[PDB]
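Heads up, what comes next is one protein chain in two forms, each shown on its own as structure tokens, labelled structure 1 and structure 2.
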Structure 1
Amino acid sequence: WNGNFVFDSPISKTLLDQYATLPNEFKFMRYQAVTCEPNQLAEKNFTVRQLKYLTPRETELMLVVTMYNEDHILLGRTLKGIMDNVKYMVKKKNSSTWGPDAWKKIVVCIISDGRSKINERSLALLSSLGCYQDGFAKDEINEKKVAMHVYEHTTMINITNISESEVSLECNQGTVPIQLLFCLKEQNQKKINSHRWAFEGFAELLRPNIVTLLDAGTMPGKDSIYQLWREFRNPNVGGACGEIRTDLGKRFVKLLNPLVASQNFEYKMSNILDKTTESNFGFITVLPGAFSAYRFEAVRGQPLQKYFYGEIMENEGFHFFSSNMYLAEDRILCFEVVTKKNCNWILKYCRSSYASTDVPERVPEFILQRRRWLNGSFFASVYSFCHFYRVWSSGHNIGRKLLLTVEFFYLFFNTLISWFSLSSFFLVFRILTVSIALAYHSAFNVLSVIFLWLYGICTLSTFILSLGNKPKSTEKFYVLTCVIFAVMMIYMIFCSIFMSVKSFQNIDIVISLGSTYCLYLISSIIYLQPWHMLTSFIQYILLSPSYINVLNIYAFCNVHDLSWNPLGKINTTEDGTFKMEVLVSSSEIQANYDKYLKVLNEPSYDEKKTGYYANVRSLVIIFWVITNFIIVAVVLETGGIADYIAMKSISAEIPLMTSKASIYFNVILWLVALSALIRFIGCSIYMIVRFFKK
């Protein structure tokens, strides 16, 4: 058909039996062998059923779900969320867009990447829905490798219950049809290629209004997708995101794990403070698991082009934003949408839309997950700060350009703070432990020495294992390191409290620690989600030194993933002379000798790119360590500086502590207080504006 392989094989008699409990699209399942590039779907005469009926279907919302090639449970969770949202949107009464036939304006796209990696349970479930069936998959046509397989069905069944082991599929008068579209790549290309298929491929044929990106295992709420869609009423909005919640399992059983409570508090703090503060200015960065939506006309053009391919202008050699730009290629979309030329798109954060995802529960996978977040956030901030002049070439008004400039400066200020945390934590810890020892003398001298040595044995080992080993290989040591750092944090808290109490008895750390805690709590109260402030808060404080001295070290030590004529067969069962008298010459005997006597008379692009990536990774690490030690040696007078000053004075001996320690200790808490104040003000403005608009 039209030069492409197609097939319409009716779904199982069983499925068809319940579907009737009939128009044409419910009854056949269509297959399509896509053998072109994603950016060629329209010109290759490839189409989708939405475009073939008597009246073509104008789609309003395209839900792209990236199959995790994982257990059906996660995918079933995502699909159940989507079907619940669609049912809500078809039961809506007073609405111009959604109605009893909105099931026709929504398309679900499941871009599975591993044709072999895909879990059998997923295909088994997808088959139950009727959007897949085995048997007709041509791995080669016209002597050309088919790039992916497209199966299209409109199933009338919905998942209504998902226990710990089963998904309940039923077909009643209350179920709604859903337009599935199962894409299935055949070879392991990364997530950016899945997005390339979603955006440059099927979105070019369907022409949606909004394009929503989901993952496998992310459950949207009963009402989340509709609330995210409502954000695009304002014609200026070019993107949006929602809240991310850690799901705690049956009656919050997972809170007993101390690595899940930490992430619960971290997620809810992030959503309450950072997302609202950024959304006030107008530029936000979708969280890794946060469900996102992009108005199609907004991302179309330059944003997509530099998200997929990167900076085109590049010679044969490599460049920081021409060979390393991909590091922030994702957040590039947000950076490119906001700063589009002659266009005033803004990014908005929706709090009425949430999605509950599952968080890692062991330290190895936690470290491996955060390795991609930290590198992405660091490179994205560097790039956005370096290219802030683009804000003044866009189409915004003067006030919105000024606001965006201020936000970019503040974001780079936060990045600069996070870069020096390695030295800041050690400086605070050492100054505090030596000050209390020097003031009270009781047993804190030996504790100071012991804790200095414990930190050094855990920092050195973390560097070495992150540079050479893998987290899965050594999990017990990482658990031990986290426990040791938690004990050090307990001791630091004890020193601060104890000296503050004694100073109160005798008559700033107490002043700030209370201010930032109260700002946190007041923001939580205003956001109307205050239970995290006590339920899962302590574990965040104890596993906070391990977020500054383990996740950062591994993230920086693993910036890029660097992966560095036969003939002659004789076998005669009867020992027969197959060659016999043949292949027997006297002139050839001289030919080989003459030829042999006559003889006696940079590697590929991959290794070059790998070398460049390794050099970048080892230059970043070295600069990080050197600058942090520069700060430490300037403050504590380590590195032989105190020796040098003593020698100049002789031209004496080293004192125990100086006023530089006090000055630095005050500066750090002032910075912390300023950051907390800024984020509190941002959250307050967000809630006030939202309330007035509502």
Structure 2
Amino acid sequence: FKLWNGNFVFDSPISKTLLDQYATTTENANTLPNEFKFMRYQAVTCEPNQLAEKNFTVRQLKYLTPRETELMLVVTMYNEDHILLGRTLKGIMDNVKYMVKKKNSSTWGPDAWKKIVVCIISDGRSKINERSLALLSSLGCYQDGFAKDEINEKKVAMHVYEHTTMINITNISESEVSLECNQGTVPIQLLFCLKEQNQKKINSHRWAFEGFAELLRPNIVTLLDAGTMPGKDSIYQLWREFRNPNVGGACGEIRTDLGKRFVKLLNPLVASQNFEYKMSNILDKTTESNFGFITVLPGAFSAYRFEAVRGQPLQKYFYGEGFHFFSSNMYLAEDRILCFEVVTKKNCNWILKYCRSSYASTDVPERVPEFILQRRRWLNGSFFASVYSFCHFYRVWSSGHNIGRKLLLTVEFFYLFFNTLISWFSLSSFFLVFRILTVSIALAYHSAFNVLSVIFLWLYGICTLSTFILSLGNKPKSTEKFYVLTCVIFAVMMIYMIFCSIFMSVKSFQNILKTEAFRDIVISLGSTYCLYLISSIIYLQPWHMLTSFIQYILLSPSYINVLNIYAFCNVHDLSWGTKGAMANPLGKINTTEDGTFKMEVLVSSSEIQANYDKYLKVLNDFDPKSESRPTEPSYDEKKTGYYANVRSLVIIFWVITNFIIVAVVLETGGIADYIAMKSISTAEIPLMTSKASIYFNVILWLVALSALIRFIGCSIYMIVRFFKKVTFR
């Protein structure tokens, strides 16, 4: 044929079956648009930022009247099953169908499907699941055969398939994705585009933001994820938060998919994540949404105003600039740098909201090795984005916000830093609460609490040493049975700690009715748990405070110890130099039956003598003093050596600063020996001092203060939403 100005663009038909199905939808089979009968394949052979320059287009811009996209739903996928992708697509099509049935809308209506463009971006053709390709092909958005690797000695970077389908998923069973095309389906503009090389997930967003977003010029860019099924109208509810111009990015609630009839609650790891997510979306997102800066907008379900992110925010997201600390480690916070650069944008008053009435059930890990590896990225990004946000807090005052909002933002950044400092010292805080609570009960009532205080300290020491060693030089999949054992041991430690607290609390009552432990029950059961329960109730979602709350408590020591140790030990995912330099090729010999071969060799006396003199002048012009500089590292081998140095100086600084607090409260590290020796000069060490009780009270009142601030934030969020509801009635 002929290509489209240096671009391979083939406009092929779909199939007889799909055409018949689509024709059943319309009242007249003759009047079927030109978008449902074809599937335009393009071979993009350039960078995403050069898409418009290299004359690559999409089908939305080639209509007689160009379509103005209002939502660009972006579904990043990689090796996900057809059930995970089908679950995400069913939510999108339910949202589009809901957004078409609306009547009292100035944006949505009978022709609302032309404003949404669904853009599935798979990460590598070699890694995509064949069942996912089968599902996309059954939707009319993928045909086998047109996947050319190279176009005019230019490698193809992406294969872009686009087809406005009429097929909608209507049911996702455990093994079946039901695809009906009746009179009650809506068209979906599919733009499934899969890469050739697996260039991670940030590059998928680079393709969706610097690439197709530039051509589409959408208003909002909702970033879904493969496996994350939004609600019946959650994307529409998330889009409703952009009615006021100030919002330049919003996020919804992400729930946990508990399976058929809540079957996954039996898994203690899934139930713990359920409660953690519910608390994150009741106390963290609601509190941060009041100030106007949400720490992370989840990549699984979030929406950005395109105008808000275009420019400096996306510039630091993708490139972000030597080996400097804030420029070489900025990639740890993948999409958390996109939230800080939008709120703190020069001459722009952007804020981030959290939509309570827009949910999206996701798929969470069910196994410890898969759960630990996920939270390493989460913890590393959250730590590196909090350090970046606090250090660059002066950029709030260089933005276009008013003074009233700037003050709230700088108050929130201090609170976020205080939370970061609490989470940094959690390794020492848990050990000190455990060690003070199990020693102060062995002094008060002795009996078997004596040897139990030594058994559980040694068990802690062994489980923490082994976690440090298995995290620095071993993989979680290598040792799955030990990480589960460590989680079980820390759960036993938490059970013992709770028992000790209840015992010393009931004994204090029976001593008064017939102190550090007297106010220990109005600090962690009445001021902390009751506030969580009330916050969950006022959120109108209290059913997780009993279904999945014990598994969270029993697994919290694993969150503090196993999870943070592994996150801090694998900061940078090192690989070390692996090049394998190759020598210059030499000649070839291919003998015959008798073995005679060509003669092109050197036998001449002069020719041999010249080589001998060449090897004789090398020995004669060595010149040791002017020794050539030893070959210095490359960049990938020099850059790994810096990531290793940053990684190790973080573990050392995090272990030493946590131990300094343990060395001050419990007087370990020779501190007690030194104090006793001074008294000798002017010979015994006390077991428990007065610093231990003061620290215990302080570290359990900080937990109550954080819960109280989070409760106040949640209440303010709910009250403001209720007032915006009573005024829009």
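Between two forms, the rigid core is the largest collection of C-alphas that superpose within 1.5 Å. Throughout, residue numbering runs from 1 along the sequence of structure 1.
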* Structure fact -> The residue to pick from 234, 165, 397, 572, given a Cα shift of 2 Å or more between structures 1 and 2 after core fitting, is 572
* To do: Indicate whether residue 287 shows a C-alpha shift of 2 Å or more between structures 1 and 2, with the rigid core used for the fit.
  => yes
* **Cα displacement of residue 594 between structures 1 and 2 reaching 2 Å, rigid core superposed** => yes
* Taking the rigid core as reference, does residue 95 move its C-alpha 2 Å or further between structures 1 and 2? -> no
* To do: Would you look up how far the C-alpha of residue 68 moves between structures 1 and 2 when the rigid core is overlaid, in angstrom?
  => 2.4
* Structure fact -> Between-form comparison on the rigid core puts the Cα shift of residue 581 between structures 1 and 2, in Å, at 9.5
* Asked: Can you give the C-alpha shift of residue 374 between structures 1 and 2 in Å, rounded to one decimal, after superposing the rigid core?
  -> 0.4
